[PDB]
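Participant: Build the 3D model from these lines:
(6 chains)
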Protein chains: 6
Amino acid sequence: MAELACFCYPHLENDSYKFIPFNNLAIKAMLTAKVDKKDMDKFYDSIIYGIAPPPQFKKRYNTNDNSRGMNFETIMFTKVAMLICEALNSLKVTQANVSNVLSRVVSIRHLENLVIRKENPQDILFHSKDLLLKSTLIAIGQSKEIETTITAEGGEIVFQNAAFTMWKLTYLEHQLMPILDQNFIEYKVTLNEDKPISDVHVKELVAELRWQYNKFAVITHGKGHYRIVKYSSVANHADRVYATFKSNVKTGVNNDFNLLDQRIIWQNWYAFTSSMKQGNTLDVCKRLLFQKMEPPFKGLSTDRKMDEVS
Amino acid sequence: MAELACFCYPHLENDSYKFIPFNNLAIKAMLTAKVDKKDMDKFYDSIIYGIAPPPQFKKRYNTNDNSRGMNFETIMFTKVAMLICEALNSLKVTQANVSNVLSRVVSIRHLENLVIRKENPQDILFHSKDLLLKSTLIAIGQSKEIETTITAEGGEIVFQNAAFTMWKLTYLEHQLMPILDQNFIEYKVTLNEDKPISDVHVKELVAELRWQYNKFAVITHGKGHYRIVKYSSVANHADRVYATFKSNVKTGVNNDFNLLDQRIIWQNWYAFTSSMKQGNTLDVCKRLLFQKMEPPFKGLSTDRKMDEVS
Amino acid sequence: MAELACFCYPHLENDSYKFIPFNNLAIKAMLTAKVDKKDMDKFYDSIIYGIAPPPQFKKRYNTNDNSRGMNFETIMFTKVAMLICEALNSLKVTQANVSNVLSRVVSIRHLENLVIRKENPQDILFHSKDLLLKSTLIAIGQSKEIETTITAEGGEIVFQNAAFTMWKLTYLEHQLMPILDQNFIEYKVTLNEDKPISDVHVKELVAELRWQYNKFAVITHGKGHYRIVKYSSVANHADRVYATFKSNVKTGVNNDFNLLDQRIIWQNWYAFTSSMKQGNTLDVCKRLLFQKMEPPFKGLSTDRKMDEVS
Amino acid sequence: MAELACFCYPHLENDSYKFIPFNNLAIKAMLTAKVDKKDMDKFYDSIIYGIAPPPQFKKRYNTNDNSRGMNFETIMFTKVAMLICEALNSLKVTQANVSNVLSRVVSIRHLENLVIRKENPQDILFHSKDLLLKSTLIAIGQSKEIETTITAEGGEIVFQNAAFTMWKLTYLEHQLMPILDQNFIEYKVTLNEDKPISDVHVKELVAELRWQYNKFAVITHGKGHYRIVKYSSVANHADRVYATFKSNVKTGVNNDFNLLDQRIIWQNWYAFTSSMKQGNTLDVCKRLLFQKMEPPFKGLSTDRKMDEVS
Amino acid sequence: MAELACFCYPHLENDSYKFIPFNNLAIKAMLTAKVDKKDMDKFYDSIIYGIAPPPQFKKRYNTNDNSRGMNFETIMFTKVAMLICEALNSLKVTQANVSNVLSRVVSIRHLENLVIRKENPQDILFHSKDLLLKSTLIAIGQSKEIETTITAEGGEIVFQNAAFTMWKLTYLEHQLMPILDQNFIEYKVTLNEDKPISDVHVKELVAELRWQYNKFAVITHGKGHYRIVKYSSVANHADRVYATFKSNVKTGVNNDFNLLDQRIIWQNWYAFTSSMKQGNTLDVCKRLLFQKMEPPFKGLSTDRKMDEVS
Amino acid sequence: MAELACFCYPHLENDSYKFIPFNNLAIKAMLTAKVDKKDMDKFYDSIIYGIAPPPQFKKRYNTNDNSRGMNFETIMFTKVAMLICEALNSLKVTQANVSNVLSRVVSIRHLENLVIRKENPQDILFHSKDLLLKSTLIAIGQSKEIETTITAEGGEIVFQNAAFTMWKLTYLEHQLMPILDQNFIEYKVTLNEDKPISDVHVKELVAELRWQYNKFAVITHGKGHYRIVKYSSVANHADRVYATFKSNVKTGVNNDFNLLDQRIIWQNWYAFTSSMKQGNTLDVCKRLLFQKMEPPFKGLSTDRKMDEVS
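Facilitator: Residues are numbered from 1 along each chain as shown, chains lettered A, B, ... in the order given. Below, you will see the structure:
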């Protein structure tokens, strides 16, 4: 969604790098500037409003002629920028790394959701700076830890178990970078703890997903939680995860992929992703997606049905 | 929902009975009137606003202390009343029958929907008085004919086949007697013609109902069309149909019941209703409703799924 | 409330007097005019907008400095004027009488209510010009007939009997000359027919008046119907009726007074008015109003009570 | 209206139990949760929003499919919860009792009214924490003291005496759990002090109740104040008080009942309740309610009448 | 923008084909229908709302999941449909041709503009059915005649000459199929007559275009008028015209192209299009577009400048 | 736009003059006052609201009969007054000078823009009192320094270079003294630093001005920055600058004039102003304005064009 350099810039004071949010009028000035090709990757001095992002990220910002960026003039842009700065400032980043850290692309919608979590007095993140930092570092790609319920990006809870918390992603209502397609619906299921889950608690989740979300495929991107996406979108999900798997192999970055419970994941998605982890090609993997198959917890849908009839 | 006498009264002119709509201020005057117990079943003379319904039907009309009636002061009350009068006036009803005809209870919501159909220049009923009369006579219980797509009460079309037309019932938005429970959702599937339906056209309907309405039971009330109701409501439907079957037996009125296609109807509903037609008791019939069973078109849900994934 | 000359003027065409409504801009011009004392009682020629009422009636019209008149610029002024003209035009008034007819003071609020009745397709007056004329002639003081339910000024029906129709007077919502005191509440009870009324139908009315209007006195002005007025106002009613009785004696005009049913009228009002008809003085009559007395249908209030408890 | 456990949960810190209000998002999470039958009576851990009420109280909370509960997402829910917690926290409740204390059902509308009293700088409760605690403990069922004017739940004062304060209950306008029937009207009359009341001060109250509330029955529930309820509702009041009297006998809880002044209470209610205290059956008691009788302060209604006529 | 079959269907009555507009509820029903692959190109019978377009044109209609179609539920859809039907009905189309006529793709925005012209009493098209037919037949591709000012699609006149009329295209404000990109600006310059144009009248147009539209390229699509498009869009225009030139060659349809005045057209566009007419390839033509060149009416921009300074 | 005495008055406390803002009700009182001709130039004592400006400046203030002044009752009047007072209070003005300082006419719109700059946390002036003072002293005519980008009056940045910052003047939206002509558009180009500017950075600015502002003349008033004004206004600009040049010569005040870069300034303006500096008459100077001439960076407009076509 955007590189971290779209929100802040590094400032060396006291043999350590502190990160500072952009003023939105500085971004606005940048968008109107004539800049040499040699300077497109350098931070821009607006003179009146402080420093601004490198003009090379111009398309990340919505303008009269760009709707595929972010709304950098909203309050949420500043809140997201401050959330990034706080997390990155706790890391005492060193001179060799600042470039890699800022050039990293992160999910803006994940960050706006964490803002929404932390500003809510009811939410644990409002009351624990440690959990907020952990949660943010995960979304910034500066942590090895896995996103769980405690550290979830958030949303509206629509189902909860001893083992699982199902959330509805509210991206349509975001201020910074909302999803523009009004047909969008996506959920995620995060794990509450990391100790083994009983068959009965798996059953309960599977049963809810077949009754209340029968038109949704249960998939994962390998990062330790389930993604509940409409079947009309799994093919696009497959492309993205494969491209991400392929790239992370070429670049040597961490590339472990948690296929998660085969009793829960859509069987075609399990096939597709298991073929990925085996090193197969895109065309070979994607074929298992569209290949019909039928070999699960039998009779779970008819249980919820009769419960309702009573 | 209400007896026909709640909308019109009979007037003998020219050796034939013409039916006349009530003024709503006549109803209002009636609701404030002191009436002898002997006159509760007689039409009421408001003096200023003409005749009014028998005070015995007071509860059919919404007031400060009644919300289970109709909104007789709306324009829709008059349109519905005129629709009834037109249909009943084409029948040259005779002196012995007027009582039975008016005392008959009909669905107001069905009549408001027929009004909505006929006032729409796009709808065939707007352009054929014969079809409108047929359609209304069915809803008034003064016709032996079966409601089909052509003569359907109406609603929003949400699926259509060579053989079927699926409608969404808009009762939440009615003016005269809307459903007050905002959780209400109900569809009906009417037959387009009365010649046999191919297996493939049945398949197409069943497939849509499992994909798009998996949380809905396919039942019928025996009147020749399907009713798509949430499982949380089939038990109440069962009570009503049985009470109607029981009564129509005691009173000798027509009591044929079309169970419709067993490949479409929910198997528990087919069992429940087949036990009814065999003369069983309520407790025996209703038991087959809650009795779990599992012995259909196999693999039809997985067909639509893969179609979407493409 | 206003003389008839405030609404129309006489025009002699074809040896008969036709009456013509004023344009409101003609009235407005009149209100700004300098007029000789000798011409204050003559109709005024606005030149641009036709004839206008005699400047002597200036205070009948609301202005920046008068709120005790009528709102002669509303549509209702024209409707009321036309209603008067129609009634007076059916009388072929003669040259000697026009002065007396126009100088007569009538109730504007009664006339606005008759307009409201006749413009309503539900009301009998909408469909019978004869009843409308009769009803208007009563309110214009050009008829010997008594106002009954059929010819009532109107309002909201709040109770109805075989013998009685109780109306709520809506004067607070009038456009032409509303009551300005927002605490105003007044009802009237008109007789449906003029044949004798049974004890049971009297009982029913008395019972309603004690239960639902316990804070209201049942009085009459002698014109053949009951007036339901709050006790805080009967003394003012007494003054007005006496002044009207006194005047009608001095002027020889008709002065019969129908005391109506002593089982219904408030006993103090019956005493007050019976003393009037006997020729007593104001001070003697009014004393019987404030004189406490207690000598009715016993136990009628406790009947309605227990009915409600059930 | 709801058990205290619907608002707070107990926390053992420092050998004493402190009570903590629920976050409304914790309640919301609970309402979506799959819970074992064995855990339905245990407080629920929403993980993200803290603890929540036992899922067994699900129906106390309004949802898309429940309107007979409370609006737990309003600000008033939190204010009411804090009011309960403050009162219960002053009691140093012990481990054996917490269950009984929380399981106790209290009037939410009484608690919302006490909130409205205490937040008003004009009200004595705003300025005396001791009176507020006393007043709340009465409404929580954790006090032996009787509700008087000082500690009344509140409302709009509509009549006041040396001995009495009459209040109108504003339940239609409540935010947390309003009465939904718009025809609802109920008053209460609380005693200002507990020393004897003169006949003249009783007379004054009775006189107001007959003039201004003639359609209302003067009853009590035995808790030391009068309840002014429409006659159309006394039968339902009778059922509730008897069921409460019956239960409190079976459970041994305090069951004294103050019949209050027989010159004020509706004579049928006095009969009904006196039969209750004598141990009679429901059918025997309730019969005295509908039994007509007529054997009071004579001529008090005619005093207020003549006062108004002046 | 859409085939003519998206608006009407043919009906053989009286050995001639009359064309009939679709009801929008018929289209809506079609969009929900299950249709055999063999019938996708056949007109669809909605049963309740008449005939509908072939389901193969589903994407021409805006839905919850399609924004690249038209708003067929607006009034403008019906007006456009009637305009097409009127024009096509004057042609007595024969059985062999109906398919070709309906399958023809036309500009909806051109048709909505002609509607706007004809409904305006000020516009000549409102008063001449012959001119309207001519104008529509041009936009329907059923006429050999060239669009001139008289028969222009319309818009806001922003400049006019003895020889030229410049219009602003209002596509952003259209109801049926507006341009969605809010940055859109496009003008057209139509010829008033077809007799030769003096150098001075060309000068006047060129002068206005350089002063008031310096950021716009003067191009044509070969149909006899100028198109004033921003330079940021000429490359896309080039693609479309070439694809249209290429296709019309392969299909043998009329393919004459009027390059128009080389003193007016942007020199790069003249080069690009002259290379097209010579049969060159796309890559060869398009190269002349981006090839810088500079060899016009000298000093025309400085004339308007000094005029303004005065 | 107004003398400084329209905003504040001098107060001698502690052998130094402090300047105090006017209350707007003091101004209002002054505007209603009868004042001797001898006192028209003295500050006015409103008695109730403090001191007010000399009645001789009455026309500087908008009233029912004056629209060519300022809106002295807005909040902006007070902010501007305080900004002046702060700047003037840092100068320890002496007794001989106060008259000259206050009588000085300054641009109100410049001062309102500096307020808008300083109240914005994003703007450097918000964070540096020294820069704000410098910037204000320039606008007050109490500084020898030249307005640069850092100290610019402000506006919306529409173009920025290593060497230049182009601003749009928002005078239409001002609160204190907006431009009333809605056709007004004016920009200014300020220099970022005062070290020499490369040819390439000049080229970049000239290129933007020809593409995006072709209808605007590049002129200066000699104060060290460029003014981008429509050609329809340069003649009026010429009058004003000449009158200012003429006056400053007669009064001996500073009269240096920076013609700025002849490669940027409109050649006619350079001629006009160079003739001014040579001492020529108005008629001689102004003639060079309207005199056509054509002898610049060739082919710069065609560079931006082709860039857009790509």
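
Participant: how near is the residue in chain A positioned nearest to chain D to residue A:157?
Facilitator: Of all residues in chain A, the one sitting closest to chain D is residue A:122 (4.0 Å; C-beta to the nearest C-beta). Every residue, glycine included, has its C-beta placed from N, CA and C. Counting by C-beta to C-beta, to the nearest Å, the gap from residue A:122 to residue A:157 is 12 Å.

Participant: Okay, the residue of the stretch 151-300 of chain A found nearest chain E and residue A:70: tell me how far apart.
Facilitator: For the stretch 151-300 of chain A and chain E, the shortest gap (C-beta to the nearest C-beta) falls at residue A:183, measuring 5.5 Å. Going from residue A:183 to residue A:70 by C-beta to C-beta gives 21 Å.

Participant: if you count what's nearby, which of the two comes out ahead?
Facilitator: Shown here are residue A:183 and residue A:70; by other C-beta atoms under 10 Å in any protein chain shown, residue A:70 has more neighbours (26 against 12).

Participant: Would you confirm that that one contacts residue A:178?
Facilitator: No: between residue A:70 and residue A:178 there is no contact under C-beta atoms under 8 Å: 9.6 Å.

Participant: Specify the local secondary structure of the residue of chain A closest to chain D.
Facilitator: Under DSSP: H, G, I helix; E, B strand; the rest coil, residue A:122 falls in the coil class.

Participant: What of residue A:275?
Facilitator: Strictly by three-state DSSP, residue A:275 counts as helix.

Participant: So for it, what's the nearest residue that isn't a sequence neighbour?
Facilitator: Leaving aside its sequence neighbours, residue A:275 sits nearest to residue A:285 (C-beta to C-beta, 6 or more residues apart in numbering or on different chains; 4.3 Å).

Participant: Residue numbers of the stretch 51-200 of chain A in contact with chain E?
Facilitator: Neighbours of chain E within the stretch 51-200 of chain A, by C-beta under 8 Å from any C-beta of the partner chain: A:64, A:65, A:182, A:183.

Participant: Which members of those are classed as buried?
Facilitator: With burial judged by 16 or more other C-beta atoms under 10 Å in any protein chain shown, the buried subset of these is empty.

Participant: Okay, strands next: where are they in the stretch 201-310 of chain A?
Facilitator: Assignment of strands within the stretch 201-310 of chain A using DSSP state E, counting those that start in this stretch yields the ranges A:216-219, A:226-230.

Participant: buried ones in the last one?
Facilitator: Along strand A:226-230, the positions that meet the burial threshold by neighbour count (16+ other C-beta under 10 Å) are A:226, A:227, A:228, A:229, A:230.

Participant: Which members of those are the farthest-apart pair?
Facilitator: A:226 and A:230 (14.2 Å; C-beta to C-beta).

Participant: From the structure, what's the count of residues near the residue of the stretch 1-150 of chain A found nearest chain C?
Facilitator: Chain C sits closest to residue A:121 of the stretch 1-150 of chain A, with a gap of 46.5 Å, by C-beta to the nearest C-beta. A count of nearby residues for residue A:121, using other C-beta under 10 Å, gives 7.

Participant: what does the one 3 residues further on give?
Facilitator: Number of residues near residue A:124 (other C-beta under 10 Å) recorded here: 19.

Participant: Same list (the residues of the stretch 51-200 of chain A next to chain E) but as TSV, adding secondary structure.
Facilitator: Supplementary listing: those in TSV, determined by three-state DSSP:
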residue	secondary structure
A:64	coil
A:65	coil
A:182	coil
A:183	coil
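
Participant: And these, which is closest to residue C:130?
Facilitator: Closest to residue C:130 out of those is residue A:182 (63.8 Å), distances taken as C-beta to C-beta.

Participant: Spit out the contact partners of the closest residue to that closest one other than its chain neighbours.
Facilitator: Leaving aside its sequence neighbours, residue A:182 sits nearest to residue A:172 (C-beta to C-beta, 6+ apart; 6.6 Å). By C-beta atoms under 8 Å, 6 or more residues apart in numbering or on different chains, residue A:172 lies in contact with A:178, A:179, A:182, A:184.

Participant: Chain F: which of these is nearest?
Facilitator: Checking these against chain F by C-beta to the nearest C-beta gives residue A:178 as the nearest, at 24.4 Å.

Participant: hey, which helix is longest across chain A?
Facilitator: helix A:234-250 (DSSP state H).

Participant: now it against strand A:226-230, angle please.
Facilitator: Interaxial angle of helix A:234-250 relative to strand A:226-230 (axes from the mean of the first three to the mean of the last three C-alpha atoms, to 10 degrees): 140 degrees.

Participant: Spell out whether helix A:234-250 and chain E are in contact.
Facilitator: No: judged by C-beta under 8 Å from any C-beta, helix A:234-250 stays clear of chain E, getting no closer than 14.4 Å.

Participant: returning to what we had before: measure the residue of the stretch 1-150 of chain A closest to chain C to residue C:114 for me?
Facilitator: Using C-beta to C-beta, residue A:121 is found at 65 Å from residue C:114.

Participant: so how many other residues sit close to the residue of the stretch 201-310 of chain A found nearest chain F?
Facilitator: Scanning the stretch 201-310 of chain A for proximity to chain F using C-beta to the nearest C-beta identifies residue A:243 as nearest, at 28.5 Å. Neighbour count of residue A:243, defined by other C-beta under 10 Å: 11.

Participant: Then residue A:15?
Facilitator: 8.

Participant: Leaving out sequence neighbours, find the closest residue to residue A:16.
Facilitator: Nearest residue to residue A:16, sequence neighbours excluded (C-beta to C-beta, 6+ apart): residue A:92, at 5.2 Å.

Participant: So which residues on the stretch 201-310 of chain A come close to chain B?
Facilitator: So the stretch 201-310 of chain A meets chain B at A:211-212, A:214-215, A:217, A:230-232, A:234-235, A:268, A:289-290, A:292, A:294, A:299, A:301-302, A:305-306, A:308-310 (C-beta under 8 Å from any C-beta).

Participant: Would you mind checking these for buried ones?
Facilitator: A:211, A:212, A:214, A:217, A:230, A:231, A:232, A:234, A:268, A:289, A:305, A:309.

Participant: Take the residues you listed and keep only those in helices.
Facilitator: Per DSSP H, helices hold the following members of these: A:211, A:212, A:234, A:268, A:289, A:305, A:309.

Participant: could you measure the second one against residue B:219, distance?
Facilitator: Look at residue A:212 and residue B:219: by C-beta to C-beta, they are 21 Å apart.

Participant: And for the third one?
Facilitator: Distance check for residue A:234 against residue B:219: by C-beta to C-beta, it reads 33 Å.

Participant: Same question for the first one.
Facilitator: As for residue A:211, its distance to residue B:219 is 19 Å (criterion: C-beta to C-beta).

Participant: And residue A:182, by the same measure?
Facilitator: On the measure of C-beta to C-beta, residue A:182 and residue B:219 end up 34 Å apart.

Participant: gap between the two ends of stretch A:281-296?
Facilitator: Taking C-alpha to C-alpha, to the nearest Å as the measure, stretch A:281-296 stretches 28 Å from start to finish.

Participant: Just the CA trace of the host helix or strand of residue A:130, in PDB.
Facilitator: Assigned by DSSP states H and E, residue A:130 belongs to helix A:129-139. Provided in PDB are the C-alpha atoms of helix A:129-139 (Å, rounded to 0.1, in the frame of the first residue of the first chain):
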ATOM      1  CA  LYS A 129       2.100   0.600  25.100                       C
ATOM      2  CA  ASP A 130       4.000  -2.700  24.900                       C
ATOM      3  CA  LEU A 131       1.200  -4.500  23.100                       C
ATOM      4  CA  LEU A 132       0.700  -1.500  20.800                       C
ATOM      5  CA  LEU A 133       4.400  -1.500  19.900                       C
ATOM      6  CA  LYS A 134       4.400  -5.300  19.300                       C
ATOM      7  CA  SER A 135       1.200  -5.000  17.200                       C
ATOM      8  CA  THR A 136       2.600  -2.100  15.100                       C
ATOM      9  CA  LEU A 137       6.100  -3.700  14.700                       C
ATOM     10  CA  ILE A 138       4.300  -6.700  13.200                       C
ATOM     11  CA  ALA A 139       2.400  -4.500  10.700                       C
END
